[PDB]
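The basis for the numbers below is simple: all heavy atoms, side chains too, and nothing from hydrogens, waters or symmetry mates. Numbering of ligands and ligand atoms starts at 1, following listing order. So that the names make sense, note that chain A is the first sequence line, chain B the second, and so on, each numbered from 1.
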Protein chains: 2
Amino acid sequence: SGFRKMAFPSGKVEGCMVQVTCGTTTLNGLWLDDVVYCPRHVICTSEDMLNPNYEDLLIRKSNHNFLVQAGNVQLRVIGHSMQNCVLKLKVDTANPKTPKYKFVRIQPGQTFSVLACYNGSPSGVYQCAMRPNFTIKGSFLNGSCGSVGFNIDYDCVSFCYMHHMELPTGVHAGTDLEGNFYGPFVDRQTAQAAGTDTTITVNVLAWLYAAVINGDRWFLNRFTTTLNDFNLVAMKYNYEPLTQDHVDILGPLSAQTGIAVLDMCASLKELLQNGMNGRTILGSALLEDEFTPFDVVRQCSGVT
Amino acid sequence: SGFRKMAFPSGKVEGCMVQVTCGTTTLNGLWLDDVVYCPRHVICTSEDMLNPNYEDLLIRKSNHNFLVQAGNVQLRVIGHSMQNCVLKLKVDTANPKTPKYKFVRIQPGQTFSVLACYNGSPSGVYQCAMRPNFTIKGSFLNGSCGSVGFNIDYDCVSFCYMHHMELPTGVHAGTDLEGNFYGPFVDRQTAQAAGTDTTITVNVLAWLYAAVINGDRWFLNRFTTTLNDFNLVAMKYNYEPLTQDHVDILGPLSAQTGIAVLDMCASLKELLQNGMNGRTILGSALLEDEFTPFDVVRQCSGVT
Ligand SMILES: CN1CCN(CCCNC(=O)C[C@H](Cc2ccc(F)cc2)NC(=O)[C@@H](Cc2ccc(Cl)cc2Cl)NC(=O)[C@H](N)Cc2ccccc2C#N)CC1
Ligand SMILES: CN1CCN(CCCNC(=O)C[C@H](Cc2ccc(F)cc2)NC(=O)[C@@H](Cc2ccc(Cl)cc2Cl)NC(=O)[C@H](N)Cc2ccccc2C#N)CC1
């Protein structure tokens, strides 16, 4: 019993974190086989950051301009190249701790674990969701750039995020590991706004199913509703519209609890219109939308 | 910016998790040097669990009764002994991944990271607080027993918790690594009740300071109050009384934000009496009490 924001164990990623230094700029890199991946803005000075031409900046560097440290042991850089917004530094030593991995790009509404690092040293682990507007509500200070987000599936690490910057609103933006930004952002020190965000409806429903599995039942009711009449109320409260594919994704949770998806939508409808009246659900006074159906199934018991 | 429930990186503990099997009972153990630590109720069958005599049960075992697996590699048990509610299994191989560690017993109100494991395999990491009534509100299914809670301080792992059981209320109870239970509990399958819980006042105040550091200021006010007049309201809302030592613990946060502790108590007083009026603090609609002052300082920037 219980339900917690739960990250993946971080050991497999901790063994890959290095420190990359160029000039007085130091951030984190990801060391897989004989390649180190880090944000390309490590090659910027304070003036370049305002409007950098990265192709120019990189052409003026050489291998010896890049200090890479794995712990205190220095790594010998033998080649450097740019892929979109990530810098790739070839080193002479393949990382002996390289896990089975792949680079995947995630969809808005999906979750991943973040290993926050500073100066190549991991400091904390937490769970994040990619918001519908392609930002993440992380916890990052100056120097955390190059920290990565990942999921783990049977000892394979799927890296999905590398951290680049904090927007003026305090939310966070970054790229996949091919260097392509999530959302309409660029790596330069200018004020950039994310698009308007929305609540991830399917995750809210998954979390209500988690609550039922755990024995939290007060919000249930006998009412059912239709796909289209619920989506009327979703629009009014800035919730994403619900598709039939979302219902099917929620099938296992609906089957395990015996509560049809469109029955749960009626309870969500009522929660949206009347609130909680001082009560909580799984320890929250708000409707939580950063747990996917997969996150619920992974963490919760298989019997209601 | 941002504030998240943040665990310690779990790699150093992942390398210590093994599987211990006795009969048809399998749980997790902690492998440090040439000793495996696990809950002693691994030696119980289904009938013994109701009212076991562990001294009798252990005397009837021998070394070969204990299957220990580190991955798929089997560990050779060469000795077994009981320390309070933990079983110690000496094995012929010292764990090559043994971190610098120590066994510490924590106080109610302190936090730690939990590495949830099943069948010797880590599955997730999350943050917990030891409640004032010596339970923890974890996320544990059957088979998670033997999972451990820890803090990390400069590559030293302080183990503070080993998981034993879930109470009827769904909260969790366990021991320190010397086998001594937190709280008035015993390892037998009987219904046991925790004492009445209370809200950790000093942590709530630390979290309000985290909110100010992050730029969440709506709940502040110009009022101040006294230690004793606030403790009048703490009692009414089932909050722990505030001591002068708690104020001193909060000094650094009070100094960094410029908001005296007894000024923040006035804001907490108002939050307790009027609520939030639809607003949130660091993404919560409730007053959060599972972040210590140390947790805030560790995660938050050093400049407000
Ligand atoms: C309810 N509350 C919520 C919190 N609200 C407060 C939030 C206050 N937030 C800030 O002021 C952050 C600032 C915003 C900004 C952005 C642009 C710009 F022109 C002007 C300003 N952004 C930064 O300074 C950016 C500037 C930058 C540098 C390089 C690149 Cl390629 C791109 C950018 Cl955009 N720097 C970083 O991202 C650091 N690489 C890593 C870093 C540095 C410092 C702090 C965090 C990080 C991280 N992570 C108050 C209400
Ligand atoms: C708002 N919601 C919140 C959630 N509410 C629902 C909560 C429902 N919770 C339960 O029913 C859990 C049950 C309670 C119980 C306890 C005693 C007793 F006599 C009778 C019942 N406890 C167990 O069955 C205990 C029984 C036990 C075995 C060995 C020992 Cl030495 C001590 C004990 Cl006490 N077993 C475990 O602890 C497993 N070792 C590991 C384990 C097994 C199963 C599930 C979880 C875990 C873990 N972790 C509903 C309202």
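Side chains of B:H41 and B:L27 form a contact here, defined as non-hydrogen atoms less than 4.5 Å apart. Proximity of B:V148 to B:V13: side-chain heavy atoms (C-beta onward) are separated by under 4.5 Å at one or more points. Contact annotation: the side chain of B:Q192 approaches that of B:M165 to within less than 4.5 Å [non-hydrogen atoms, C-beta and beyond]. Counting heavy atoms from C-beta on, the side chains of B:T304 and B:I213 come closer than 4.5 Å. Counting only heavy atoms from C-beta outward, the side chains of A:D187 and A:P39 never approach each other to under 4.5 Å. A 4.5 Å side-chain heavy-atom check between B:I43 and B:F66 finds at least one atom pair inside the cut-off.
When each of A:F150, A:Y161, A:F159 is tested with A:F112 by the rule ring-ring contact (aromatic ring centres under 6.0 Å, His included), just one qualifies, namely A:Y161.
Among A:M49, A:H163, A:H164, A:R40, the residue whose heavy atom lies closest to atom 48 (N) of ligand 1 is A:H163. For atom 9 (N) of ligand 1, the candidate residues are A:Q192, A:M165, A:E166, A:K137; the nearest heavy-atom contact is made by A:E166. For atom 38 (C) of ligand 1, the nearest non-hydrogen atom from the set A:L50, A:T25, A:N142 belongs to A:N142. Between atom 7 (C) of ligand 2 and the options B:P168, B:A116, A:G215, the minimum heavy-atom separation is to B:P168.
Within the 4.0 angstrom cut-off, atom 35 (N) of ligand 1 has no protein heavy-atom neighbours. Counting only heavy atoms, the protein never gets under 4.0 Å from atom 20 (C) of ligand 2. The protein does not reach atom 11 (O) of ligand 2 closely, with no heavy atom under 4.0 angstrom from it. Within the 4.0 Å cut-off (strictly below), a protein heavy atom is located near atom 42 (C) of ligand 1.
Taking a cut-off of under 4.0 Å to the non-hydrogen atoms of B:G170, the atoms of ligand 2 that pass are 7 (C). When each atom of ligand 2 is checked for a heavy atom of B:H41 under 4.0 Å away, the hits are 31 (Cl). Each of the atoms 31 (Cl) of ligand 2 lies under 4.0 Å from some heavy atom of B:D187. In the vicinity of B:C145, heavy-atom distances shorter than 4.0 Å reach the ligand 2 atoms 39 (N), 40 (C). Atom numbering of ligand 2 starts at 1 in the shown order; those under 4.0 Å from a heavy atom of B:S144 are 48 (N). Taking every heavy atom of B:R188 and a limit of under 4.0 angstrom, the matching atoms of ligand 2 come to 30 (C), 31 (Cl), 32 (C), 33 (C), 34 (Cl).
For the pair B:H172 and ligand 2, the shortest N or O to N or O distance does not fall below 3.5 Å.
By the 4.0 Å heavy-atom criterion, B:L167 is counted among the residues contacting ligand 2. Using a 4.0 angstrom heavy-atom cutoff, A:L27 does not count as in contact with ligand 1.
Counting only heavy atoms of the protein, atom 17 (C) of ligand 1 lies nearest to A:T190 O, 3.5 Å. With hydrogens left out, the protein atom closest to atom 2 (N) of ligand 1 is B:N214 O, 3.5 Å, a heavy atom. When hydrogens are left out, the protein atom nearest atom 28 (C) of ligand 1 is A:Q189 OE1, 3.7 Å; that is the closest non-hydrogen contact.
Seen from the ring of B:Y126, A:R4 does not count as a face-on cation partner, given the 6.0 Å and 45° thresholds. For the pair B:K5 and B:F291, the cation-pi test (distance below 6.0 Å, angle within 45°) is passed.
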How far apart are the C-alpha atoms of A:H164 and A:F185, what are their side-chain angles, what is the distance that settles it, and do they pass the ring pair (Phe, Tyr, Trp, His ring centres under 6.0 Å) test?
-> CA-CA 10 Å; A:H164 287 244; A:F185 308 114; over 10 Å; no
Take A:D216 and A:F3 through the side-chain contact (heavy atoms from CB on, under 4.5 Å) test and state the conclusion after the steps.
-> CA-CA 11 Å; A:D216 236 337; A:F3 199 72; over 6 Å; no
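In this structure, A:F134 and A:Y182 have parallel ring planes: the angle between them is below the 30° cut-off, well short of the 60° mark.
Contacts with ligand 1 closer than 4.0 Å are made by no heavy atom of B:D216, backbone or side chain.
Here the closest non-hydrogen pair linking B:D197 and B:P132 is OD1-CD, 3.1 Å.
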